[PDB]
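Let me begin by presenting the structure, written as structure tokens, before commenting on it.
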Amino acid sequence: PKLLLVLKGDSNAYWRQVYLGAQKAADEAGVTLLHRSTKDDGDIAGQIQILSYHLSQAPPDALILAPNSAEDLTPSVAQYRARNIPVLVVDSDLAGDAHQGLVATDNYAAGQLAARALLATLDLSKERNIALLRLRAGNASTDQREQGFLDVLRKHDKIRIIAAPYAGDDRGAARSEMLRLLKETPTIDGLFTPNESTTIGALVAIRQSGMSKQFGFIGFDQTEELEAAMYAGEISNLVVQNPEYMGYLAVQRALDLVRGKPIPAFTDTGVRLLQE
Amino acid sequence: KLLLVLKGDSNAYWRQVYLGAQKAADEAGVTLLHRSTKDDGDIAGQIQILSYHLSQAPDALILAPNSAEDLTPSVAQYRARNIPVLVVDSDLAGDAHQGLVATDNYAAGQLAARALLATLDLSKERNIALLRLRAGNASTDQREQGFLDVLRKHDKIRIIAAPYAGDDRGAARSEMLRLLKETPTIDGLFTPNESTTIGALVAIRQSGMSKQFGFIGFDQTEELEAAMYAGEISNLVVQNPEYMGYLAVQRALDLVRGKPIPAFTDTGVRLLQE
Ligand SMILES: OC[C@H]1O[C@@H](O)[C@H](O)[C@@H]1O
Ligand SMILES: OC[C@H]1O[C@@H](O)[C@H](O)[C@@H]1O
């Protein structure tokens with residue numbers, strides 16, 4: 001068998017872990033794994049181009065896709081379905097029901113978790129002003145993290161959501177956005193950033209602004225730099241997924257589809273706070 | 001005795017806040033003194049009203065400040081005299097006051113952006129205009145920031161105009177007339193309060209541009225409602241000014257009698273139609 005893996009891009013180190021897990025499973029199975037992603041996360045047009053190119057020029061036995069857009073990728077996936085090529089979605093949900101399954105974090109639950117963690121960092125005897133650094137509307141994973149977070153906090157006594165701008169897919173964009181927020185906002189008491197790039201961008205902005213360790217800060221995903229910032233007390237906690245295990249299971253599920261075996265509609269790959 | 005100082009009388013909106021405050025005051029059997037400037041945005045005039053009442057007299061002040069920063073010294077003077085201050089409608093900078101009763105204006109701006117997006121053909125690039133009110137007026141600054149925060153990075157959306165109109169509907173009319181003449185294409189518009197919405201509406205009609213683009217307005221009056229039902233305005237984001245005035249008085253009475261209040265009481269916001 002041959003499996004085509006198309007992730008969101010290369011703008012997060014996260015994706016290398018998903019790929020490494022997928023490659024481990026493909027190696028164990030004795031199957032060929034192709035990996036083709038856009039340079040940048042969020043490049044919807046580029047991802048659609050990769051899918052159509054491989055459908056025409058070198059079609060796989062199954063497609064494993066992390067869609068950059070929950071809606072804008074459905075026509076691409078429907079083309080695979082009409083060619084009877086199974087599609088397994090990884091990491092971030094796809095709209096509709098053209099695909100055969102999902103293997104991902106429960107991203108809505110991860111956001112609720114992040115809000116609970118933030119509440120635990122705050123002095124809840126006073127009103128607290130909260131900022132959310134959103135990623136990009138239509139990116140299902142972060143849209144769900146953002147909504148789960150807001151659903152815990154919106155009516156919470158002593159909590160005010162004072163900022164929720166979109167940062168975009170780039171850590172440079174997240175840095176620019178956070179720098180503006182820090183300058184323009186009177187008091188930020190708590191922050192949540194829903195992925196690797198937004199967490200790293202915000203961190204760099206917080207340091208450059210002389211604001212380290214000043215407020216509660218829940219981030220998402222982990223790298224050596226984020227782990228260090230957390231151990232230093234610059235980040236209050238990180239909500240972390242299991243990207244290697246997710247990549248590994250996505251390959252196993254895709255192979256089940258190739259062999260005509262049933263798979264769960266949703267395989268939840270787990271989420272946790274990195275520290276107590 | 002409760003002193004109620006709103007922004008001015010440039011918007012029919014303030015009569016609804018006053019009516020709610022008066023209902024609450026009547027129900028509680030307390031005297032309400034409503035004292036506002038003639039025009040919204042008259043910062044110096046509002047400071048004068050506050051200075052006068054400190055010099056000769058109330059048990060609490062309910063204030064809708066014309067400037068989030070410029071009213072802070074006036075409010076601090078009340079705090080130094082231990083007269084509770086409840087801020088209504090539009091936030092005040094600092095922490096000299098005892099609470100806020102208002103729409104969540106930032107969230108209301110985000111709502112307006114989402115409503116505007118729903119009016120647009122998002123298969124194609126769309127040009128968007130925003131009519132700002134006045135820097136330093138917290139309520140509209142927050143609506144504008146919420147709206148922009150949703151849209152500034154949105155695929156296929158370009159913000160091509162964001163001028164300030166000022167507090168008068170006549171000024172909003174002049175500004176919109178200029179935009180309609182000078183801009184090659186406007187695909188969507190947001191106006192963040194009653195005066196800006198009415199001024200834009202009148203300009204759009206006078207330009208022969210009615211029903212040509214998506215238009216989210218803010219606040220409601222019989223005239224704005226008619227325009228919406230006619231399809232001239234796509235939707236209105238509306239506050240609950242009567243409930244806001246009523247709650248502001250009840251919160252002020254709680255302050256007078258020493259019952260703790262929340263720092264922010266969110267009085268709600270919705271789209272007027274589906
Ligand atoms: O979109 C940003 C990507 O970064 C990783 O957190 C996520 O799983 C997500 O899909
Ligand atoms: O400042 C303009 C005033 O008009 C009403 O929309 C508002 O609540 C606002 O404070």
Side-chain angles (χ1 to χ4, degrees), chain A residues 2-23 26 32-60 63-77 79-80 87-94 104-105 133-143 145 166-178 193-205 219-226 241 243-244 246-247 250-251 254, chain B residues 125 152-157:
Chain A
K2 124 169 155 187
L3 305 176
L4 172 60
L5 173 71
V6 176
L7 301 171
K8 295 195 188 180
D10 204 44
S11 315
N12 290 286
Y14 178 83
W15 299 116
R16 177 151 204 45
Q17 300 310 299
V18 177
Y19 163 69
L20 285 169
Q23 190 68 67
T32 306
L33 176 68
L34 278 66
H35 169 52
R36 301 274 73 186
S37 305
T38 53
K39 186 185 167 166
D40 303 315
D41 280 44
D43 186 359
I44 301 172
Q47 201 182 43
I48 283 161
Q49 283 168 30
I50 290 166
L51 296 180
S52 69
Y53 182 92
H54 288 84
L55 188 60
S56 64
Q57 307 298 292
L63 170 59
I64 302 160
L65 175 69
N68 273 307
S69 163
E71 297 276 358
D72 291 0
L73 272 290
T74 79
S76 296
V77 168
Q79 293 170 14
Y80 279 67
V87 178
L88 189 285
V89 175
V90 69
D91 179 79
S92 190
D93 208 5
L94 182 70
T105 300
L133 199 49
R134 298 181 191 270
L135 201 168
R136 170 179 50 81
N139 193 59
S141 55
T142 52
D143 279 356
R145 299 165 196 169
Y166 287 99
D169 318 276
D170 207 296
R171 67 188 64 177
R175 183 197 158 271
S176 295
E177 200 58 37
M178 194 67 216
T193 54
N195 84 326
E196 181 191 317
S197 69
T198 51
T199 306
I200 289 167
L203 180 69
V204 164
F220 209 99
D221 300 322
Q222 61 186 121
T223 59
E224 190 182 334
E225 84 174 283
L226 291 180
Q241 313 181 70
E244 188 172 343
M246 184 190 303
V251 166
Chain B
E125 170 135 288
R152 267 178 171 151
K153 283 175 193 286
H154 198 279
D155 187 38
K156 293 188 216 239
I157 293 292

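Below, read A as the first sequence line, B as the second, and so on, with proteins coming before strands; counting in each chain starts at 1.
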If we count only N and O atoms by modelled type, under 3.5 Å, do the side chains of A:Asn195 and A:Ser197 hold a donor and an acceptor together?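 There is such a pair (donor and acceptor under 3.5 Å, judged by atom type) between the side chains of A:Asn195 and A:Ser197.
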Going by atom types only, do A:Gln23 and A:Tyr19 share a side-chain donor-acceptor pair under 3.5 Å?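 Per modelled atom types, A:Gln23 and A:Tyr19 side chains form a pair under 3.5 Å.
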Heavy-atom check, side chain of A:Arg36 versus side chain of A:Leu5, under 4.5 Å: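 SC-SC contact between A:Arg36 and A:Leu5 ruled out.
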Heavy atoms, side chains only, cut-off 4.5 Å: are A:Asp221 and A:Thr199 in contact?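 No - every pair of side-chain heavy atoms lies 4.5 Å or more apart.
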Begin from the C-alpha positions of A:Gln241 and A:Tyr14 and carry the test side-chain contact (heavy atoms from CB on, under 4.5 Å) through to its verdict. CA-CA 9 Å; A:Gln241 313 181 70; A:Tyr14 178 83; 3.3 Å; yes
Closest non-hydrogen atom pair between A:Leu135 and A:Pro194, with its separation: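 Shortest heavy-atom contact: N-CG, 4.4 Å.
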What is the minimum heavy-atom distance between A:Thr198 and A:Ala167, and which atoms define it?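 Looks like CG2-CB, 4.2 Å.
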Can you name the residues that form a side-chain hydrogen bond (donor to acceptor under 3.5 Å, both in side chains) with [X], not counting sequence neighbours?
X        : answer
A:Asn139 : A:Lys8, A:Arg136, A:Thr142
A:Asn12  : A:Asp41
A:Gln222 : A:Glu227

Within the distance-only criterion (no hydrogens, no angle test), does the side chain of A:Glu177 pair as donor or acceptor with the backbone N or O of A:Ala202 below 3.5 angstrom?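 Between the backbone of A:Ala202 and the side chain of A:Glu177 there is no qualifying donor-acceptor contact (under 3.5 Å).
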As a quick check of understanding, evaluate side-chain contact (heavy atoms from CB on, under 4.5 Å) for A:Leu51 and A:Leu63, giving each step before the final call. CA-CA 9 Å; A:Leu51 296 180; A:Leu63 170 59; 3.7 Å; yes
Going by the salt bridge (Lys or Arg N to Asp or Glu O under 4.0 Å) test, which pairs reach into residues 12-22 of chain A, not counting sequence neighbours?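 Listed once each, the pairs would be none.
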Tell me, please, which residues at least two apart from A:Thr32 pass side-chain contact (heavy atoms from CB on, under 4.5 Å).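 If we apply the side-chain contact (heavy atoms from CB on, under 4.5 Å) test to A:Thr32, skipping adjacent residues, the hits are A:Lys2, A:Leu34.
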Applying side-chain contact (heavy atoms from CB on, under 4.5 Å), can you list everything that pairs with A:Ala205, at least two apart in sequence or on another chain?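 side-chain contact (heavy atoms from CB on, under 4.5 Å) list for A:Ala205, sorted by chain: A:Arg175, A:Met178, A:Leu179, A:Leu182.
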Given the rule in the side-chain contact (heavy atoms from CB on, under 4.5 Å) test, do A:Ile64 and A:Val6 qualify, once you have shown the distances and angles that lead to the verdict? CA-CA 6 Å; A:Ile64 302 160; A:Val6 176; over 6 Å; no
